[PDB]
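> The structure is given below, and queries will be raised subsequently.
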Amino acid sequence: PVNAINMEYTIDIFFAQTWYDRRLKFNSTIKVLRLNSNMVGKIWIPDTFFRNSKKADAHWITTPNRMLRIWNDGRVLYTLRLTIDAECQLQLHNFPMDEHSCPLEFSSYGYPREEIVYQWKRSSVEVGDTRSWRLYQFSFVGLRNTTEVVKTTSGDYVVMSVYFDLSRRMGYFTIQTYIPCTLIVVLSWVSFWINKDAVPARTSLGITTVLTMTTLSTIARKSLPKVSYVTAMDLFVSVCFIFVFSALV
Amino acid sequence: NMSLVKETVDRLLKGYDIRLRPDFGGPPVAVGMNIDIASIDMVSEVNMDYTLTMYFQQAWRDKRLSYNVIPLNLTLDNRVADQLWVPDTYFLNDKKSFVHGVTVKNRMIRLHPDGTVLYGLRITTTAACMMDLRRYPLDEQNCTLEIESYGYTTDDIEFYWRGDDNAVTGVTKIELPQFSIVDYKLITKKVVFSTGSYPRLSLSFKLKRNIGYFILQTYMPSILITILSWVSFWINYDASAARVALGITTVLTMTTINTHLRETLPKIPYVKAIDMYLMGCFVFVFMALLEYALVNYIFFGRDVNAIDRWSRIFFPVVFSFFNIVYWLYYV
Amino acid sequence: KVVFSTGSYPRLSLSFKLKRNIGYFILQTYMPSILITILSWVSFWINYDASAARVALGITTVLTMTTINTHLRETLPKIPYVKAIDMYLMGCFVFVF
Amino acid sequence: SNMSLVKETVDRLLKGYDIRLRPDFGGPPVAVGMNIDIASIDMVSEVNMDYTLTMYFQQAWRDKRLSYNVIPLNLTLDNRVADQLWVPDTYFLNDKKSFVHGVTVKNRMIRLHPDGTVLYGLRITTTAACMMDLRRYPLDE
Amino acid sequence: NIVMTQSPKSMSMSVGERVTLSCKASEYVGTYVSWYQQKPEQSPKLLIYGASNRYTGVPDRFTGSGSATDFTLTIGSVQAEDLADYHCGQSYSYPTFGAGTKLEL
Amino acid sequence: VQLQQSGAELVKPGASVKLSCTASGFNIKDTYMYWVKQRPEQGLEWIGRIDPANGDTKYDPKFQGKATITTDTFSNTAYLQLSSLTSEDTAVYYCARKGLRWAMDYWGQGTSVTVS
Amino acid sequence: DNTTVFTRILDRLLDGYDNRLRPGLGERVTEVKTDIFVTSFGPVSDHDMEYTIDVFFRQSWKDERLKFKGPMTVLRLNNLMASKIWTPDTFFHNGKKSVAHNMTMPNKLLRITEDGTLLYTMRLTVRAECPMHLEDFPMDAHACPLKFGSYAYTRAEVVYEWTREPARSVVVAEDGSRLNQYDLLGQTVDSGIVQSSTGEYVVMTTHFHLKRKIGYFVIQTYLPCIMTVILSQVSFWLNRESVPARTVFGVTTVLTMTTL
Amino acid sequence: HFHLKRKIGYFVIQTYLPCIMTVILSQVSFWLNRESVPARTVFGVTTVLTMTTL
Amino acid sequence: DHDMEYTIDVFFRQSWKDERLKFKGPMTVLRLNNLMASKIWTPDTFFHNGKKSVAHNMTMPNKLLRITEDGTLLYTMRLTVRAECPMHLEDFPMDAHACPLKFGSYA
Ligand SMILES: *[C@@H]1O[C@H](CO)[C@@H](O[C@@H]2O[C@H](CO)[C@@H](O[C@@H]3O[C@H](CO[C@H]4O[C@H](CO[C@H]5O[C@H](CO)[C@@H](O)[C@H](O)[C@@H]5O)[C@@H](O)[C@H](O[C@H]5O[C@H](CO)[C@@H](O)[C@H](O)[C@@H]5O)[C@@H]4O)[C@@H](O)[C@H](O[C@H]4O[C@H](CO)[C@@H](O)[C@H](O)[C@@H]4O[C@H]4O[C@H](CO)[C@@H](O)[C@H](O)[C@@H]4O)[C@@H]3O)[C@H](O)[C@H]2NC(C)=O)[C@H](O)[C@H]1NC(C)=O
Ligand SMILES: CCCCCCCC/C=C/CCCCCCCC(=O)O[C@@H](COC(=O)CCCCCCCCCCCCCCC)COP(=O)([O-])OCC[N+](C)(C)C
Ligand SMILES: CCCCCCCC/C=C\CCCCCCCC(=O)O[C@@H](COC(=O)CCCCCCCCCCCCCCC)COP(=O)([O-])OCC[N+](C)(C)C
Ligand SMILES: *[C@@H]1O[C@H](CO)[C@@H](O[C@@H]2O[C@H](CO)[C@@H](O[C@@H]3O[C@H](CO)[C@@H](O)[C@H](O)[C@@H]3O)[C@H](O)[C@H]2NC(C)=O)[C@H](O)[C@H]1NC(C)=O
Ligand SMILES: *[C@@H]1O[C@H](CO)[C@@H](O[C@@H]2O[C@H](CO)[C@@H](O[C@@H]3O[C@H](CO)[C@@H](O)[C@H](O)[C@@H]3O)[C@H](O)[C@H]2NC(C)=O)[C@H](O)[C@H]1NC(C)=O
Ligand SMILES: *[C@@H]1O[C@H](CO)[C@@H](O[C@@H]2O[C@H](CO)[C@@H](O[C@@H]3O[C@H](CO)[C@@H](O)[C@H](O)[C@@H]3O)[C@H](O)[C@H]2NC(C)=O)[C@H](O)[C@H]1NC(C)=O
Ligand SMILES: *[C@@H]1O[C@H](CO)[C@@H](O[C@@H]2O[C@H](CO)[C@@H](O)[C@H](O)[C@H]2NC(C)=O)[C@H](O)[C@H]1NC(C)=O
Ligand SMILES: *[C@@H]1O[C@H](CO)[C@@H](O[C@@H]2O[C@H](CO)[C@@H](O)[C@H](O)[C@H]2NC(C)=O)[C@H](O)[C@H]1NC(C)=O
Ligand SMILES: *[C@@H]1O[C@H](CO)[C@@H](O)[C@H](O)[C@H]1NC(C)=O
């Protein structure tokens with residue numbers, strides 16, 4: 001789920017890395033040493049950390065979910081299962097009709113560009129069926145991978161980014177705040193069909209419409225986070241409120 | 001060259017005493033500090049804390065970890081931090097903190113040939129920050145982060161910001177949702193406890209709340225609701241049900257908005273600025289209802305076109321006068 | 001002793017008998033529903049031609065009883081049976097209706 | 001001194017000790033007596049359908065490998081030697097979340113009686129699942 | 001400071017019956033009183049510490065008791081060699097002392 | 001286990017007196033050392049406190065300045081200084097060891113001071 | 001080398017040291033001298049009947065197997081030395097869930113003086129039980145306790161005492177008051193003996209006296225109740241013939257009172 | 001695969017029955033006479049408000 | 001229903017043949033403690049639809065190991081798998097679901 005009040009999304013991946021180690025070279029009839037996670041703690045692994053992850057953890061049941069395969073030429077493949085809450089800076093203007101590009105940046109922590117250079121494979125990023133994805137109101141549009149060198153206090157680091165293009169679906173808010181408010185302001189427009197001598201009737205209709213427009217302004221703001229700028233949903237709420245207030249006056 | 005680096009590291013770690021600090025019996029080791037602010041997540045008023053993610057970095061000199069053949073800086077693995085001496089730095093106002101451990105534990109050691117150990121960590125901390133909400137929401141918060149050594153006194157360790165005001169970076173890129181970091185300051189001092197005198201660094205931010213959200217979801221609804229109560233003064237006096245229903249639902253909406261606002265804040269024992277405005281608005285609306293009751297009593301019980309003639313002028317003036325006083329004080 | 005597929009294992013079972021206190025629920029749920037039901041029969045004393053007063057008296061306590069019924073239930077889990085407090089609120093809603 | 005005598009007695013007791021084998025491994029079953037001192041029952045929640053229980057969970061069994069005939073005193077050892085001795089693998093079936101308290105140390109007790117009896121104690125806060133019949137709520141039991 | 005107001009000044013009864021004392025504190029001292037005896041031409045000796053804790057060498061007839069503010073010392077079948085002066089002190093704060101309760105025939 | 005004090009003193013008023021007590025069988029660095037005043041036919045009055053491991057001293061407000069407490073390590077001895085002696089300073093002095101639960105466990109034999 | 005002198009001092013101290021036995025196991029009682037420096041009295045949760053407190057937990061005990069003669073009288077050591085020596089098993093009797101902070105390095109302290117006297121400070125955040133009697137709510141006062149004692153060693157083995165005077169052995173810092181609803185009036189200590197299934201233990205007590213403020217409740221409940229009653233008081237001043245107006249006064253005041 | 005089937009006991013009492021009672025409450029306004037304009041508009045707006053909050 | 005997840009509490013039993021653990025002794029089956037499970041080879045079974053599982057460590061870690069004299073092993077453990085039940089909410093609230101629990105080897 002892409003959480004908008006807290007500004008992050010959850011991702012489950014099979015992160016795999018491949019490098020060369022000349023010390024892990026053997027000459028025998030065995031080509032691949034297919035090993036479990038017990039041999040991870042004995043060899044060298046790059047300290048790849050995710051630069052925009054608020055919290056992440058691997059999976060440790062029933063065994064540490066890690067793979068280690070060593071070929072005879074020194075090639076090492078290391079795959080592990082990760083669940084990452086990565087920070088996506090979703091701009092909520094246009095909301096509830098927003099479109100976002102959520103990144104996933106990773107780099108080595110301690111080793112600079114002169115010591116570890118990361119690189120992308122041509123078909124590295126593999127998505128799934130795109131239907132088991134819990135993306136409810138959004139829809140993965142596509143993906144793009146990029147690489148760059150950042151400059152920090154310690155040194156220059158190679159940063160690898162994966163951008164996830166997500167476009168929203170408003171079907172949810174239509175039944176949350178749009179239709180609901182539109183039918184309230186339609187109920188605002190029936191006061192004109194009531195005769196002018198029925199004063200308590202029409203003022204009761206008026207006060208109920210304005211108090212429930214304030215109530216629906218309050219309720220629809222609970223889904224949004226505490227941002228300063230105005231959204232299109234808030235603009236619609238304000239236009240409906242000034243319409244019903246104009247009807248009452 | 002790998003065998004040379006291997007025998008040099010094995011020479012450095014052999015006989016290294018983890019329990020003794022650099023110059024254990026000698027002078028206090030100077031520990032320079034750099035912090036790269038990654039993000040500030042939850043400046044929460046209900047829990048009186050802020051969540052801070054940073055690239056905490058320390059630098060000192062250990063003369064035991066000095067090598068001379070190798071001319072490049074050795075970035076060792078993160079698992080030699082359990083073998084090398086590190087300072088015992090803690091945060092006093094910390095509530096719940098952790099070091100990220102994906103895909104390994106996010107820490108860094110980069111030895112230097114003179115002996116300098118570059119120790120970098122990625123820490124997400126939830127530091128306590130007590131907030132003065134007297135002027136809420138037009139307030140200004142000073143949230144700190146007290147950095148202190150625990151077991152070593154001033155004559156065993158000393159703390160300084162490496163690069164002076166260029167130690168803490170990345171603050172200007174941070175964009176908290178409801179606040180706005182106006183200023184930040186770096187202070188070095190010494191605190192005195194009963195066990196001794198300890199060095200202390202303190203990083204603090206001058207947060208300023210954004211008025212734009214509150215000015216359209218509390219202030220403007222209250223203003224328009226007090227506007228709605230003045231519709232009652234123009235209605236004919238015989239329509240009791242109309243003016244009574246308008247005044248009553250205006251009072252109920254005011255009490256609804258203040259009681260459904262004050263639960264998103266902690267249980268503070270004082271009155272805020274928004275509470276003062278929503279109390280004055282309630283007083284104006286209650287006086288409108290009592291004005292109608294006075295009109296009905298002065299007609300039916302005991303010029304009835306003059307009390308609501310005065311209140312059509314008097315109530316828009318005093319409320320306009322009240323907004324000037326309110327927005328002069330709290331600004 | 002309990003018998004599983006892999007063998008028979010010893011078991012000590014400790015158990016309590018918790019009885020729920022009533023007076024908090026009297027103070028919160030039962031007595032406001034009783035008072036809001038007493039309010040519904042004030043409308044019998046108001047004259048028959050006063051339409052607005054009697055349909056205010058009826059509709060506000062109808063909506064109050066249904067708001068109390070919906071309000072005291074989302075805190076509780078999503079159990080598919082009917083409770084005693086639920087039975088009392090349904091009976092009060094029938095009398096108000 | 002007496003401290004060195006207790007040192008060599010305990011070092012003799014744990015020399016050659018097999019933690020992998022229960023007492024009387026090839027013989028009769030060991031009898032593990034239990035007694036519980038309940039500290040509090042905090043959150044009996046109907047939303048999550050469980051209750052939180054804090055207890056002082058004591059266990060007692062006889063191990064013939066841990067018998068000494070020199071010191072006429074019950075030895076209350078440190079709480080860290082309990083990881084070097086055999087203890088029963090007692091678990092709670094309706095457990096959901098649990099922890100032994102670890103401030104200022106791991107809150108556990110081991111005491112070695114001279115006949116061989118080991119008094120093992122723990123301070124456990126457990127969240128045990130308790131399915132509730134809310135048909136008579138709130139007058140239910 | 002903490003003011004000890006033990007009463008009375010002296011009591012004059014015979015040998016072999018129950019006599020109680022009293023020590024009243026001005027401010028809270030929580031189970032940190034102490035009772036001493038004072039023979040003529042003799043240094044004081046400790047009897048009770050805490051509130052009611054019997055020191056080593058004290059006979060079983062000397063029973064103390066205490067509370068948050070009120071304190072007492074009960075004697076069961078006082079004998080002739082117990083004819084001395086008794087003192088009540090506190091140490092919850094910086095230590096203070098009472099006036100003194102004597103015994104007579 | 002034994003606290004041996006000094007002897008009786010008799011000096012003119014307005015002078016100063018050295019008064020001391022030697023502790024044996026233990027060390028005074030562990031427990032506090034308490035000084036107390038016993039006027040004849042009167043109750044006990046606490047003089048002051050010393051912690052010999054830290055050297056810190058705390059005194060009664062009515063005895064500040066006229067009395068102070070010093071100590072040393074090698075001799076394992078606690079000392080008093082009395083200045084500007086008057087008629088009401090005629091009393092007997094004990095040094096009391098801090099005991100179990102702050103109880104004034106041990107007491108000295110007593111030194112009686114007298115002015116004329 | 002210059003640093004080899006202290007290294008062999010520590011290696012001579014730990015040689016033949018059994019950390020499973022307390023000082024004087026078969027000869028005496030281990031008196032532990034304890035004081036607390038409260039760095040922040042945290043917020044009191046009325047729902048859970050608990051409170052949070054951050055404290056510097058200091059314990060001091062004499063060990064004679066840690067005597068040394070060297071150029072430095074006090075060995076201000078790190079946390080790795082603390083796990084290699086005997087430390088008392090102090091636990092909080094009424095604590096619910098407490099965290100010993102270990103960021104960045106375990107927040108512990110260990111100072112071995114030359115006579116063997118130790119000192120062991122820790123950072124804790126104790127969530128302790130404070131049972132409340134809410135008969136006079138919200139104008140109530142509570143004495144929230146903090147009881148700690150040994151877990152395994154009885155009264156005949158380990159006893160606890162305050163290192164300073166009991167009035168001055170729990171110190172609360174000036175800036176350290178995170179209470180927003182209550183206010184801290186003062187502290188109150190007391191030692192004691194608790195009888196359990198195993199034996200008798202020395203439990204030390206620290207009572208924190210609290211006093212709630214009506215500030216939040218004379219604006220959320222009391223004043224909206226007074227205004228609700230007063231708004232039903234103005235319905236007597238309306239016309240007798242105005243049936244729906246006085247009816248909507250009655251029903252809206254009854255609804256506001258029941259929703260309050 | 002674990003085959004689960006939801007039980008409609010919470011949703012019948014919680015959502016379906018209040019909707020049925022609200023739309024029956026809308027039918028009550030039809031038996032009132034035409035002149036009770038505040039009465040019938042209170043019926044209408046309160047039932048629409050109840051349906052929106054449901 | 002909010003997080004499209006369920007929570008099962010299982011006794012996950014496994015059994016495999018290991019010829020290196022053949023023995024001949026007084027007893028045929030060897031019911032041991034748990035700490036030999038880390039000493040020997042155990043399969044690295046993981047749940048493909050998992051989200052967060054707890055091994056239930058209290059008091060001793062809830063696993064068992066039985067080594068039959070011919071080499072057959074039995075190794076059960078107590079888990080609390082929280083898994084993903086993808087759901088189609090078209091017939092809410094009278095829908096029927098088939099929540100899955102996939103597991104297999106990793107490496
Ligand atoms: C401050 O204090 C805390 C607490 O003491 C320190 O945190 C702790 O750090 C140690 C050392 O790294 C960890 O030990 C190692 O744990 C991993 C497994 O970690 C998983 O399980 C943890 C336990 O879960 C308990 O609590 C949960 C609560 O829900 C229960 O459900 C469980 O049942 C348990 O009761 C869990 O805490 C971990 O989550 C935390 O850490 C992850 C990190 O990725 C975060 O994302 C989480 O948010 C969270 O913070 C996690 O789920 C074990 O696998 C380790 O054992 C291996 O490694 C050892 C060292 O190499 C080795 O000796 C072992 O033999 C074993 O080796 C095997 O596996 C290796 C894997 O590659 C192989 O390489 C190897 O060959 C072999 O096969 C080890 O036990 C603590 O678990 C951790 N605990 C906590 C609470 O965080 C913290 O470091 C301290 N901070 C500082 C700066 O000092
Ligand atoms: C303030 C709020 C309102 C209060 C109102 C109070 C007054 C009215 C009070 C009424 C009391 C009724 C409910 C009592 C409690 C039982 C709940 C329940 O789950 O029942 C059943 C629901 O099973 C069904 O099949 C329900 C189907 C929908 C029925 C909708 C109402 C009737 C339709 C026409 C409506 C319009 C007619 C007029 C049109 C003009 C049992 O289901 P189960 O047990 O979950 O499982 C299946 C059973 N099994 C396991 C044996 C297979
Ligand atoms: C819905 C909106 C409504 C708005 C209305 C606006 C209009 C009104 C305008 C606004 C003025 C009112 C608001 C003031 C808010 C702050 C008050 C406060 O907390 O002060 C103190 C209240 O201390 C007390 O003792 C409480 C007294 C309660 C009095 C109740 C009303 C009088 C009773 C008769 C009423 C009926 C009379 C008529 C009968 C016919 C706080 O004290 P403390 O902090 O607890 O303790 C001291 C601090 N210490 C702990 C450090 C020692
Ligand atoms: C946020 O609040 C903190 C704490 O109140 C502020 O820190 C304070 O900063 C001032 C100056 O920046 C410090 O004054 C200094 O005093 C010493 C005394 O010797 C003097 O030598 C210096 O020249 C300077 O005047 C003050 O000590 C310091 N407070 C503490 C407790 O250390 C901070 O300025 C506030 N604002 C921001 C934006 O952080
Ligand atoms: C709470 O529920 C539990 C479980 O439903 C109740 O435990 C049950 O208690 C009865 C009465 O003691 C047990 O029956 C007895 O069984 C023994 C078995 O040998 C038999 O000898 C006796 O004659 C009697 O029949 C019953 O076994 C037991 N349930 C289980 C599963 O063991 C408990 O009583 C309930 N109440 C309380 C207050 O805990
Ligand atoms: C689950 O529970 C078990 C037992 O209740 C825990 O096993 C114990 O883990 C600790 C720490 O990992 C071990 O202590 C270590 O001892 C070695 C010496 O072998 C020492 O070098 C280390 O510094 C550390 O102190 C302890 O021996 C071990 N006990 C047993 C019987 O295996 C396990 O850690 C618990 N896991 C979690 C996640 O709570
Ligand atoms: C090892 O790191 C140190 C970090 O200080 C580097 O030394 C600095 O290099 C910069 C760039 O030339 C100079 O401006 C600084 O004056 C140097 N600092 C110091 C303290 O000497 C050094 O270059 C690094 N070595 C390698 C091989 O990368
Ligand atoms: C060690 O603990 C045992 C078991 O608690 C003690 O056994 C006691 O023995 C006496 C004398 O026979 C009985 O009266 C008690 O009922 C037993 N239990 C208790 C609770 O005291 C034994 O005394 C202890 N041994 C030593 C030397 O302390
Ligand atoms: C991203 O993936 C593509 C796959 O064809 C590769 O060509 C490219 O080099 C990778 N990253 C970039 C943009 O350098």
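Ligands are numbered from 1 in the order shown, chains are lettered A, B, ... in the order of the structure tokens, and residues start at 1 in each chain.
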With a distance cut-off of 7 Å and only C-alpha atoms, select the neighbouring residues of residue B:161, excluding the residue or stretch itself and same-chain residues fewer than 4 positions from it, and output the selection as a list in words.

residues 32, 33, 34 and 167 of chain B

> Using only C-alpha atoms and all ligand atoms, determine which residues fall within 9 Å of ligand 9, then list them as a PyMOL selection string.

chain A and resi 119-125+144-148+160-162

> Could you write those residues out with C-alpha atoms, as a compact mmCIF listing (two decimals), in the first residue's frame?


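Below you can see result17.txt, which holds the result:
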# COMPACT_ATOMS: atom_id res chain seq x y z
CA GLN A 119 25.99 -1.55 -12.28
CA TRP A 120 22.54 -2.58 -13.71
CA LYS A 121 21.81 -5.79 -15.70
CA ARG A 122 19.79 -5.32 -18.92
CA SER A 123 16.76 -7.30 -17.58
CA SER A 124 17.64 -6.79 -13.87
CA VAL A 125 14.28 -5.41 -12.59
CA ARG A 144 12.81 2.94 -15.21
CA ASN A 145 16.26 2.28 -13.63
CA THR A 146 18.98 5.00 -13.39
CA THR A 147 22.47 5.37 -11.89
CA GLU A 148 24.38 8.40 -10.63
CA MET A 160 21.27 3.13 -8.15
CA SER A 161 17.63 4.17 -8.41
CA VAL A 162 14.48 2.36 -9.54

> Please list as a PyMOL selection string every residue within 10 Å of residue G:220, counting only C-alpha atoms and excluding residues in the same chain fewer than 2 positions away.

(chain B and resi 255+258-260+262-263) or (chain G and resi 214-218+222-225+260)

> Would you mind exporting the chosen residues as a PDB file, in the first residue's frame, restricted to N, CA, C and O atoms?


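Written output follows (part-v2.pdb):
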ATOM      1  N   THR B 255     -19.703  24.575  19.427  1.00  0.00           N
ATOM      2  CA  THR B 255     -19.281  23.615  20.444  1.00  0.00           C
ATOM      3  C   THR B 255     -18.785  22.323  19.804  1.00  0.00           C
ATOM      4  O   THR B 255     -17.841  21.698  20.301  1.00  0.00           O
ATOM      5  N   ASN B 258     -15.169  23.074  18.452  1.00  0.00           N
ATOM      6  CA  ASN B 258     -14.105  23.172  19.455  1.00  0.00           C
ATOM      7  C   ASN B 258     -13.880  21.841  20.181  1.00  0.00           C
ATOM      8  O   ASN B 258     -12.726  21.454  20.421  1.00  0.00           O
ATOM      9  N   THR B 259     -14.955  21.099  20.489  1.00  0.00           N
ATOM     10  CA  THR B 259     -14.778  19.804  21.142  1.00  0.00           C
ATOM     11  C   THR B 259     -14.207  18.753  20.198  1.00  0.00           C
ATOM     12  O   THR B 259     -13.546  17.815  20.656  1.00  0.00           O
ATOM     13  N   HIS B 260     -14.438  18.882  18.890  1.00  0.00           N
ATOM     14  CA  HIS B 260     -13.857  17.973  17.912  1.00  0.00           C
ATOM     15  C   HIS B 260     -12.541  18.500  17.357  1.00  0.00           C
ATOM     16  O   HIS B 260     -11.926  17.860  16.498  1.00  0.00           O
ATOM     17  N   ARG B 262     -10.213  19.860  20.039  1.00  0.00           N
ATOM     18  CA  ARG B 262      -9.270  19.764  21.151  1.00  0.00           C
ATOM     19  C   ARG B 262      -8.852  18.342  21.521  1.00  0.00           C
ATOM     20  O   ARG B 262      -8.134  18.182  22.513  1.00  0.00           O
ATOM     21  N   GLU B 263      -9.255  17.307  20.783  1.00  0.00           N
ATOM     22  CA  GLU B 263      -8.806  15.952  21.091  1.00  0.00           C
ATOM     23  C   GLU B 263      -7.619  15.522  20.235  1.00  0.00           C
ATOM     24  O   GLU B 263      -6.975  14.514  20.546  1.00  0.00           O
TER      25      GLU B 263
ATOM     26  N   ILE G 214      -7.333  20.627  36.495  1.00  0.00           N
ATOM     27  CA  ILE G 214      -8.669  20.590  35.826  1.00  0.00           C
ATOM     28  C   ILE G 214      -8.604  21.373  34.509  1.00  0.00           C
ATOM     29  O   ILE G 214      -9.607  21.371  33.774  1.00  0.00           O
ATOM     30  N   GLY G 215      -7.468  22.016  34.226  1.00  0.00           N
ATOM     31  CA  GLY G 215      -7.331  22.831  33.002  1.00  0.00           C
ATOM     32  C   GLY G 215      -8.045  22.227  31.806  1.00  0.00           C
ATOM     33  O   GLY G 215      -8.877  22.935  31.207  1.00  0.00           O
ATOM     34  N   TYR G 216      -7.746  20.970  31.466  1.00  0.00           N
ATOM     35  CA  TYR G 216      -8.323  20.359  30.278  1.00  0.00           C
ATOM     36  C   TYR G 216      -9.807  20.102  30.469  1.00  0.00           C
ATOM     37  O   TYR G 216     -10.599  20.260  29.534  1.00  0.00           O
ATOM     38  N   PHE G 217     -10.193  19.858  31.723  1.00  0.00           N
ATOM     39  CA  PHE G 217     -11.588  19.446  32.006  1.00  0.00           C
ATOM     40  C   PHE G 217     -12.502  20.613  32.367  1.00  0.00           C
ATOM     41  O   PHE G 217     -13.708  20.390  32.394  1.00  0.00           O
ATOM     42  N   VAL G 218     -11.968  21.801  32.628  1.00  0.00           N
ATOM     43  CA  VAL G 218     -12.853  22.976  32.873  1.00  0.00           C
ATOM     44  C   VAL G 218     -13.025  23.712  31.547  1.00  0.00           C
ATOM     45  O   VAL G 218     -13.449  24.868  31.568  1.00  0.00           O
ATOM     46  N   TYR G 222     -16.702  20.658  31.903  1.00  0.00           N
ATOM     47  CA  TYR G 222     -17.435  21.435  32.904  1.00  0.00           C
ATOM     48  C   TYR G 222     -18.070  22.686  32.305  1.00  0.00           C
ATOM     49  O   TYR G 222     -19.270  22.927  32.478  1.00  0.00           O
ATOM     50  N   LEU G 223     -17.291  23.479  31.590  1.00  0.00           N
ATOM     51  CA  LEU G 223     -17.800  24.684  30.941  1.00  0.00           C
ATOM     52  C   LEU G 223     -18.789  24.412  29.796  1.00  0.00           C
ATOM     53  O   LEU G 223     -19.787  25.141  29.710  1.00  0.00           O
ATOM     54  N   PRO G 224     -18.595  23.431  28.895  1.00  0.00           N
ATOM     55  CA  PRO G 224     -19.686  23.105  27.962  1.00  0.00           C
ATOM     56  C   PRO G 224     -20.920  22.511  28.616  1.00  0.00           C
ATOM     57  O   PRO G 224     -21.997  22.587  28.021  1.00  0.00           O
ATOM     58  N   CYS G 225     -20.814  21.911  29.801  1.00  0.00           N
ATOM     59  CA  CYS G 225     -22.003  21.528  30.546  1.00  0.00           C
ATOM     60  C   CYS G 225     -22.729  22.720  31.146  1.00  0.00           C
ATOM     61  O   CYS G 225     -23.965  22.762  31.089  1.00  0.00           O
ATOM     62  N   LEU G 260     -22.209  15.118  25.423  1.00  0.00           N
ATOM     63  CA  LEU G 260     -21.120  15.480  26.322  1.00  0.00           C
ATOM     64  C   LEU G 260     -20.899  14.410  27.376  1.00  0.00           C
ATOM     65  O   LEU G 260     -19.767  14.219  27.828  1.00  0.00           O
TER      66      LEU G 260
END

> Using only C-alpha atoms and all ligand atoms, find each residue with an atom at most 10 Å away from ligand 5 and format the answer as a list in words.

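Final answer, ordered by chain and number: residues 1, 2, 11, 12, 13, 14, 15, 16, 17 and 18 of chain C.
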
> Tell me which protein, DNA and RNA residues are within 12 Å of stretch 136-138 of chain A, counting only C-alpha atoms, leaving out same-chain ones fewer than 3 positions away, and put them as a count of residues only.

36

> Extract the full set of helix (DSSP H, G or I) residues from stretch 41-216 of chain G according to DSSP on the backbone, and format it as a list in words.

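Taking stretch 41-216 of chain G and keeping helix (DSSP H, G or I) gives residues 64, 65, 66, 79, 80, 81, 166, 167 and 168 of chain G.
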
> Take the residues from that selection and put them in a file with C-alpha atoms, as an mmCIF file, in the first residue's frame.


data_model
loop_
_atom_site.group_PDB
_atom_site.id
_atom_site.type_symbol
_atom_site.label_atom_id
_atom_site.label_comp_id
_atom_site.auth_asym_id
_atom_site.auth_seq_id
_atom_site.Cartn_x
_atom_site.Cartn_y
_atom_site.Cartn_z
ATOM 1 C CA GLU G 64 37.258 -7.589 47.347
ATOM 2 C CA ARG G 65 38.280 -9.638 44.317
ATOM 3 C CA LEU G 66 38.733 -6.400 42.326
ATOM 4 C CA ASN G 79 30.498 -1.524 29.194
ATOM 5 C CA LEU G 80 32.405 -4.630 28.072
ATOM 6 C CA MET G 81 33.953 -4.856 31.539
ATOM 7 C CA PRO G 166 17.004 8.951 52.059
ATOM 8 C CA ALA G 167 15.612 12.466 51.630
ATOM 9 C CA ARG G 168 18.403 13.151 49.105
#
